[PDB]
Amino acid sequence: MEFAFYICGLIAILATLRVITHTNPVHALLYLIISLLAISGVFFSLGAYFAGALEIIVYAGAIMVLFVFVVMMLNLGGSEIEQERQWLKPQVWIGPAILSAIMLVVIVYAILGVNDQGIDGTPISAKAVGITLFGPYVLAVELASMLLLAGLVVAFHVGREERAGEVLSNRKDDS
Amino acid sequence: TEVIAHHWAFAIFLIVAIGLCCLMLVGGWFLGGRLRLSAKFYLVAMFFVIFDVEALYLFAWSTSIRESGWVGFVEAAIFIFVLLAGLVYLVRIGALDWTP
Amino acid sequence: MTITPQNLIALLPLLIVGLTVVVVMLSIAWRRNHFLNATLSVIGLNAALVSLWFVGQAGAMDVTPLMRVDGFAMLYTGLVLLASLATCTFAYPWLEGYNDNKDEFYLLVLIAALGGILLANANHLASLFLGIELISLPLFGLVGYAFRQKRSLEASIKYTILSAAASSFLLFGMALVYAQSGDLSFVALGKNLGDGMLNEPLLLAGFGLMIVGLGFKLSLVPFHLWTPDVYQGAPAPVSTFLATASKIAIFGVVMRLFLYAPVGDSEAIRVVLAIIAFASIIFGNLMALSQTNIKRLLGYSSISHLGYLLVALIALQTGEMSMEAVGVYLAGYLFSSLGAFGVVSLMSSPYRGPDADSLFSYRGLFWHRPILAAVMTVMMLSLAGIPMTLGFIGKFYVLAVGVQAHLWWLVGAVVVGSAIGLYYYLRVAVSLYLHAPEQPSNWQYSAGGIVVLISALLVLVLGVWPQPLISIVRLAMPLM
Amino acid sequence: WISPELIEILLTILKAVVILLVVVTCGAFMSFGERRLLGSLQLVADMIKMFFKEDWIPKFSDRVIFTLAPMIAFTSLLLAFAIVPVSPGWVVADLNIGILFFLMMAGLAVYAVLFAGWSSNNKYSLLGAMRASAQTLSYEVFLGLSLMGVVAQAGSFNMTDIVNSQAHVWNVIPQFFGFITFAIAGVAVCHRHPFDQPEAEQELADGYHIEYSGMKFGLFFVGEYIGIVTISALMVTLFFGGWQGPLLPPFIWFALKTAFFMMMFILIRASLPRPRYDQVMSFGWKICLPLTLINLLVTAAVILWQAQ
Amino acid sequence: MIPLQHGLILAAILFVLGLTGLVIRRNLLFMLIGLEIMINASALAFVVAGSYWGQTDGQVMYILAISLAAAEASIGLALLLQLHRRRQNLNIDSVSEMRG
């Protein structure tokens with residue numbers, strides 16, 4: 001399982017490249033969905049079966065669901081921003097791209113110089129993650145439950161409606 | 001010499017399923033001649049997401065249920081107690097009822 | 001490793017804070033009351049402080065691979081707990097004139113206090129990551145609690161996006177140092193290397209990305225650009241909390257990481273933090289010069305004070321008193337920022353709706369509330385490294401640590417930054433005594449008043465007599 | 001190039017293709033079976049008619065996700081069936097994550113409804129898609145816990161270990177709460193009759209099946225039914241005895257139990273009326289989720305009590 | 001079979017592309033999308049690091065990463081909904097009322 005890993009990585013890079021430089025956001029979210037699927041295939045190819053199954057269960061089955069839910073909810077197509085077309089102008093495109101590409105070349109120079117023992121087999125199943133999830137790492141999942149509770153409280157308090165109606169036209173400053 | 005055959009069977013199953021759907025679609029094609037929805041839908045999607053990520057800890061607990069003793073049961077019990085406290089808080093505030 | 005019944009004693013403040021979290025949440029569900037929930041949160045934090053005393057009665061041990069509890073952890077847990085208590089006592093009068101729900105604030109403050117306690121106890125990379133995220137994420141709804149207002153919503157947006165970016169940076173750096181060293185523990189980050197091999201590329205780059213994330217979380221240069229907007233937009237108790245407790249816990253876990261890991265002997269991370277501390281002190285004192293708003297000025301002052309903490313941290317492997325100096329300066333900075341932001345919170349109480357602009361206008365503060373002006377100018381003296389205050393004791397400890405290990409550039413930076421800082425510090429101190437061009441009977445407003453005047457008496461007493469603070473800091477010594 | 005390993009591999013490929021064709025024709029045939037229970041060549045005639053009809057792409061829509069929503073609705077819950085073992089030597093997937101994979105497929109099932117709702121350039125179809133997607137999220141949240149009851153009883157995720165742990169006692173009787181929660185979640189996610197068409201409370205909401213004509217509608221028409229037959233297969237292989245029987249062959253037993261459970265689904269089609277939307281969401285959030293969490297805690301205490 | 005360098009380079013490339021899409025784009029929704037790209041890249045790097053040494057800590061850090069991603073996505077989407085309901089636009093350069 002090495003050529004599958006390489007092709008999944010290549011189409012993941014391609015899919016997120018089409019994510020970054022797209023115009024309408026629902027197609028970009030679809031490209032991110034297939035990118036998450038490819039990274040899940042990468043996770044499967046490295047013996048992390050739980051990680052890839054989790055990516056499609058959680059990251060592609062719940063998080064992209066939230067993104068498309070918001071997009072399909074408030075009805076953006078990117079209106080008044082597609083016609084501007086700021087990201088497909090070059091004087092904004094060279095700067096951050098070559099800066100973050102300098103970051104890319106320096107961090108992959110930092111990647112090299114480490115001994116290569118290779119990715120081994122022995123796929124770590126969910127049983128090992130379970131036995132090391134409630135052994136040494138108990139407080140991790142307890143306070144992660146507390147953290148998820150805090151995130152739910154924050155986002156519910158910030159983003160509720162305060163108005164009655166299952167169809168609402170947009171008023172400025174909520175009437 | 002059996003798991004390779006199983007992986008091959010999985011591969012041909014997936015490939016021929018998408019190929020069957022593609023050929024079915026193109027055989028159907030060939031022949032013949034400012035508003036806003038709501039905020040409670042986003043809220044229920046967020047409830048689904050948060051409780052699914054807590055369900056992930058329950059997912060990983062369910063595989064190692066026997067190898068972890070009663071102390072792991074106690075830790076998962078207080079985890080589930082925190083989960084149910086959050087759920088009953090959501091029930092009692094009124095953010096979970098629909099009332100259309 | 002398993003957790004023994006006697007290991008539950010060292011876990012007690014975290015369990016008490018979690019129990020008061022679920023008790024407060026059940027009280028919100030059952031009744032939705034403000035005073036009862038605030039009293040429950042205060043009682044839970046006080047019981048956590050008595051539990052910290054009970055921990056001090058017990059031993060200091062490694063509870064799990066995630067957490068090791070010792071005197072350093074006890075000191076930072078106590079500081080975070082009393083900062084959260086101060087945040088609640090400053091937030092009740094602000095929430096008294098609030099139109100929407102006013103109990104999720106206490107819930108998020110309690111959860112962020114739990115995150116600060118986890119960071120105080122963090123002996124692990126996963127524990128560090130979870131602690132800073134448990135600090136960051138309740139603060140999103142704390143900053144955007146007054147999301148009806150424009151500026152609080154903008155500050156919440158900026159804080160959320162930049163904290164997500166810095167969390168990604170920290171996570172990638174932690175992944176790099178896990179790829180380099182095959183153990184996620186603090187003490188085993190360079191144990192597989194030796195004989196001058198310690199300056200390896202992958203470990204150094206991962207620690208650089210971790211430095212980027214923690215420099216966002218400690219308002220260092222040039223990751224400090226979130227500081228004034230977040231301080232200004234957030235409510236004043238939120239500014240108090242994310243100035244004192246969050247930054248105290250993040251610097252505590254940074255000090256524990258740089259003490260326990262053997263990368264403190266590396267002469268590249270030390271130089272990078274020397275440059276960062278130099279630029280942080282100099283830049284923050286420079287942009288705090290021409291400031292009229294008090295919250296932005298306090299944010300730049302915080303940038304300078306984490307710069308002073310960073311120069312106190314550079315000499316950790318040589319000065320032998322850097323942990324004590326950092327603890328004393330953090331006690332002084334905590335009390336001084338607590339008093340200043342308490343004056344800011346009490347004068348900006350209640351909320352008075354989102355339509356009215358929440359400008360401070362500290363000029364003429366003495367002519368209608370003299371005690372608040374007195375404690376505010378005491379904290380303004382304390383933040384400048386001026387004597388008869390505890391901030392001078394902290395500055396003296398920082399300068400002694402910097403000059404013990406011969407950090408001449410950093411000592412000169414501290415001197416120049418303090419000389420620049422006292423300009424606007426005493427400018428605010430004078431301006432709160434001038435004549436006002438234009439221009440309270442409740443029990444909890446009085447409670448905030450006695451809290452800030454107790455902070456003023458504490459900094460005055462420990463400025464004229466710092467010896468009990470030195471005794472209780474040196475008694476709390478981490479296990480080497 | 002005649003080698004017995006290649007012969008065995010090609011026989012496994014033949015097993016995969018015959019199980020795919022048999023599940024497809026099972027769904028297609030008992031579509032007509034349900035329509036009679038509410039002439040097997042009538043579906044062949046319908047397929048000929050649907051093949052000889054033009055697919056309409058709306059001029060206000062796009063030619064990618066409008067056709068990709070029925071793609072998801074068919075193939076996601078089609079490859080959900082690859083997990084199911086019908087016999088010890090007639091299985092196509094023996095991978096370790098034998099329950100998480102069905103969770104992946106059920107999580108991706110909402111994409112079809114959402115993409116169809118946007119693809120139909122119609123506000124009412126979008127609102128109906130929002131209602132249906134909210135319902136299926138609100139039930140697939142605890143679908144996982146309903147499966148984790150049996151997973152915790154049987155130890156691992158592998159369905160072979162599940163059906164070998166069903167040797168002494170089937171999991172239906174110790175866990176009836178898990179059985180009813182999984183039945184409810186599978187009814188709601190696959191859009192079965194009681195948790196179906198949530199447009200009944202608003203006339204500003206319309207279905208996502210509208211503006212789908214010909215093959216793109218037939219993909220949904222066969223995809224929901226392939227989904228209900230693979231949900232029935234999941235149900236029998238988890239809670240009932242997978243391929244387990246005294247005398248008749250194991251695949252005959254599997255077919256008999258699957259047929260029994262979709263005649264039970266026909267009984268569901270006949271008996272209960274459709275509840276209101278608020279009642280459906282309130283049920284799925286307040287009753288089902290604490291009950292399955294309590295079921296997981298109870299089966300944890302049970303399996304840790306008699307562990308000797 | 002697979003060197004660590006290729007997997008870490010893939011994760012680094014994803015992190016670079018996510019940071020680039022976070023910087024160069026004015027839309028807040030696309031900024032959150034890029035943030036989740038960097039979170040997934042760091043999680044992928046942790047998964048490769050855990051799979052190289054054979055330990056299960058990489059997958060646990062992946063679980064913590066996706067829990068943070070879920071909660072942060074919920075918070076960012078609630079903030080995006082509030083920004084749309086108040087400002088009626090999603091230009092991140094528009095909400096810049098705080099000058100130095």
# chains A, B, ... in the order shown; residues from 1 in each chain; ligands from 1
call {"tool": "residues_around", "arguments": {"residues": "residue 81 of chain B", "least_positions_apart": "5", "cutoff": "12 Å", "atoms": "only C-alpha atoms", "output": "ChimeraX atom specification"}}
result
/A:142,145-146 /B:54,73-76,86-89 /C:18-19,22-23,26 /D:290,293-294,297
call {"tool": "write_last_selection", "arguments": {"atoms": "C-alpha atoms", "output": "PDB file, in the first residue's frame"}}
result
ATOM      1  CA  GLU A 142     -12.294  14.018  30.205  1.00  0.00           C
ATOM      2  CA  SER A 145     -15.375  16.454  26.801  1.00  0.00           C
ATOM      3  CA  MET A 146     -15.245  19.648  28.860  1.00  0.00           C
TER       4      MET A 146
ATOM      5  CA  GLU B  54     -18.323  12.882  22.114  1.00  0.00           C
ATOM      6  CA  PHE B  73     -15.769   2.135  33.405  1.00  0.00           C
ATOM      7  CA  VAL B  74     -15.776   4.863  36.078  1.00  0.00           C
ATOM      8  CA  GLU B  75     -14.001   7.307  33.745  1.00  0.00           C
ATOM      9  CA  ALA B  76     -16.383   6.580  30.871  1.00  0.00           C
ATOM     10  CA  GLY B  86     -24.987  18.895  28.711  1.00  0.00           C
ATOM     11  CA  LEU B  87     -27.909  17.184  26.981  1.00  0.00           C
ATOM     12  CA  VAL B  88     -30.295  17.824  29.887  1.00  0.00           C
ATOM     13  CA  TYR B  89     -29.089  21.440  30.046  1.00  0.00           C
TER      14      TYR B  89
ATOM     15  CA  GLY C  18     -15.282  20.114  36.940  1.00  0.00           C
ATOM     16  CA  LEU C  19     -17.865  19.286  39.609  1.00  0.00           C
ATOM     17  CA  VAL C  22     -21.572  20.486  36.057  1.00  0.00           C
ATOM     18  CA  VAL C  23     -23.314  21.825  39.197  1.00  0.00           C
ATOM     19  CA  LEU C  26     -27.491  21.899  36.215  1.00  0.00           C
TER      20      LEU C  26
ATOM     21  CA  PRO D 290     -30.010   9.244  26.755  1.00  0.00           C
ATOM     22  CA  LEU D 293     -26.122   6.096  26.458  1.00  0.00           C
ATOM     23  CA  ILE D 294     -27.740   4.357  29.447  1.00  0.00           C
ATOM     24  CA  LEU D 297     -23.386   2.038  30.443  1.00  0.00           C
TER      25      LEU D 297
END
call {"tool": "residues_around", "arguments": {"residues": "residue 35 of chain B", "least_positions_apart": "2", "cutoff": "10 Å", "atoms": "only C-alpha atoms", "output": "PyMOL selection string"}}
result
(chain A and resi 73-75+167-171) or (chain B and resi 37-38) or (chain D and resi 123)
call {"tool": "write_last_selection", "arguments": {"atoms": "N, CA and C atoms", "output": "PDB file, in the first residue's frame"}}
result
ATOM      1  N   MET A  73     -27.538  27.415   3.929  1.00  0.00           N
ATOM      2  CA  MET A  73     -28.465  28.097   4.824  1.00  0.00           C
ATOM      3  C   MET A  73     -28.606  29.575   4.467  1.00  0.00           C
ATOM      4  N   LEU A  74     -27.503  30.326   4.504  1.00  0.00           N
ATOM      5  CA  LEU A  74     -27.621  31.777   4.417  1.00  0.00           C
ATOM      6  C   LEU A  74     -27.550  32.275   2.980  1.00  0.00           C
ATOM      7  N   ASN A  75     -27.373  31.352   2.027  1.00  0.00           N
ATOM      8  CA  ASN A  75     -27.463  31.605   0.587  1.00  0.00           C
ATOM      9  C   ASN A  75     -26.366  32.584   0.157  1.00  0.00           C
ATOM     10  N   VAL A 167     -38.598  31.106   7.952  1.00  0.00           N
ATOM     11  CA  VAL A 167     -38.139  31.831   6.770  1.00  0.00           C
ATOM     12  C   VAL A 167     -37.965  33.285   7.185  1.00  0.00           C
ATOM     13  N   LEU A 168     -36.770  33.834   6.970  1.00  0.00           N
ATOM     14  CA  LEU A 168     -36.459  35.188   7.415  1.00  0.00           C
ATOM     15  C   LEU A 168     -35.705  35.928   6.322  1.00  0.00           C
ATOM     16  N   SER A 169     -36.231  37.077   5.911  1.00  0.00           N
ATOM     17  CA  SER A 169     -35.471  37.972   5.055  1.00  0.00           C
ATOM     18  C   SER A 169     -34.539  38.823   5.909  1.00  0.00           C
ATOM     19  N   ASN A 170     -33.431  39.243   5.306  1.00  0.00           N
ATOM     20  CA  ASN A 170     -32.315  39.815   6.053  1.00  0.00           C
ATOM     21  C   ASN A 170     -32.601  41.271   6.406  1.00  0.00           C
ATOM     22  N   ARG A 171     -32.702  41.555   7.703  1.00  0.00           N
ATOM     23  CA  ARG A 171     -32.769  42.914   8.220  1.00  0.00           C
ATOM     24  C   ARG A 171     -31.409  43.329   8.770  1.00  0.00           C
TER      25      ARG A 171
ATOM     26  N   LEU B  37     -32.465  31.190   5.736  1.00  0.00           N
ATOM     27  CA  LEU B  37     -33.354  30.107   6.136  1.00  0.00           C
ATOM     28  C   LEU B  37     -33.755  30.228   7.601  1.00  0.00           C
ATOM     29  N   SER B  38     -32.802  30.058   8.508  1.00  0.00           N
ATOM     30  CA  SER B  38     -33.060  30.048   9.948  1.00  0.00           C
ATOM     31  C   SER B  38     -31.716  30.032  10.664  1.00  0.00           C
TER      32      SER B  38
ATOM     33  N   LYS D 123     -36.352  27.735  -3.752  1.00  0.00           N
ATOM     34  CA  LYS D 123     -36.234  28.003  -2.321  1.00  0.00           C
ATOM     35  C   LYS D 123     -36.991  26.968  -1.495  1.00  0.00           C
TER      36      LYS D 123
END
call {"tool": "closest_atom_pairs", "arguments": {"of": "chain D", "to": "chain A", "cutoff": "9 Å", "atoms": "only C-alpha atoms", "output": "tab-separated table"}}
result
residue	atom	partner	partner_atom	distance
D:65	CA	A:27	CA	8.3
D:96	CA	A:125	CA	7.4
D:97	CA	A:49	CA	7.5
D:100	CA	A:53	CA	6.4
D:101	CA	A:53	CA	6.7
D:103	CA	A:57	CA	6.3
D:104	CA	A:57	CA	4.7
D:105	CA	A:57	CA	8.2
D:106	CA	A:61	CA	8.4
D:107	CA	A:61	CA	4.6
D:108	CA	A:61	CA	5.6
D:109	CA	A:61	CA	8.7
D:110	CA	A:65	CA	8.0
D:111	CA	A:65	CA	7.7
D:114	CA	A:72	CA	7.9
D:115	CA	A:72	CA	8.9
D:117	CA	A:72	CA	8.5
D:118	CA	A:72	CA	6.7
D:126	CA	A:72	CA	7.8
D:127	CA	A:167	CA	8.6
D:130	CA	A:73	CA	7.9
D:133	CA	A:69	CA	9.0
D:137	CA	A:62	CA	8.8
D:155	CA	A:127	CA	8.7
D:156	CA	A:127	CA	7.4
D:157	CA	A:126	CA	8.5
D:204	CA	A:167	CA	8.4
call {"tool": "write_last_selection", "arguments": {"atoms": "C-alpha atoms", "output": "CSV table (one decimal), in the first residue's frame"}}
result
chain,number,residue,atom,x,y,z
D,65,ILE,CA,-23.4,18.4,-8.4
D,96,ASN,CA,-11.1,-4.6,10.7
D,97,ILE,CA,-13.5,-1.6,10.8
D,100,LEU,CA,-17.1,2.3,11.4
D,101,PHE,CA,-17.4,1.8,7.6
D,103,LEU,CA,-20.9,4.9,9.9
D,104,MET,CA,-18.8,6.6,7.1
D,105,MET,CA,-21.5,5.6,4.6
D,106,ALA,CA,-24.4,6.9,6.7
D,107,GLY,CA,-22.5,10.1,7.4
D,108,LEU,CA,-22.0,10.7,3.7
D,109,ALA,CA,-25.6,9.9,3.0
D,110,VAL,CA,-26.7,13.4,3.9
D,111,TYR,CA,-24.7,14.9,1.1
D,114,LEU,CA,-28.1,18.7,0.7
D,115,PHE,CA,-26.7,18.8,-2.9
D,117,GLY,CA,-31.6,20.8,-2.4
D,118,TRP,CA,-29.1,23.3,-3.7
D,126,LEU,CA,-33.9,24.1,-0.3
D,127,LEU,CA,-36.1,24.4,2.8
D,130,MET,CA,-32.9,21.6,5.3
D,133,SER,CA,-31.0,16.9,6.5
D,137,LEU,CA,-28.4,14.3,11.3
D,155,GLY,CA,-15.5,-6.6,21.5
D,156,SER,CA,-14.2,-5.7,18.0
D,157,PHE,CA,-15.7,-4.0,15.0
D,204,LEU,CA,-42.9,27.1,1.7
call {"tool": "closest_residue", "arguments": {"among": "E:88, E:40, E:82, E:67", "to": "chain B", "atoms": "only C-alpha atoms"}}
result
E:67
call {"tool": "atom_distance", "arguments": {"atom1": "atom CA of residue 163 of chain D", "atom2": "atom CA of residue 267 of chain D"}}
result
26.8 Å
call {"tool": "interface_residues", "arguments": {"of": "chain C", "to": "chain B", "cutoff": "12 Å", "atoms": "only C-alpha atoms", "output": "count of residues only"}}
result
26
call {"tool": "interface_residues", "arguments": {"of": "chain B", "to": "chain A", "cutoff": "9 Å", "atoms": "only C-alpha atoms", "output": "ChimeraX atom specification"}}
result
/B:34-43,45-54,56-57,59-65,67-68,71-72,75-76,78-79,82-83,86,95,100
call {"tool": "select_by_dssp", "arguments": {"residues": "segment 344-441 of chain C", "states": "helix (DSSP H, G or I)", "output": "MDAnalysis selection string"}}
result
chainID C and resid 344:347 365:367 370:382 390:404 408:431
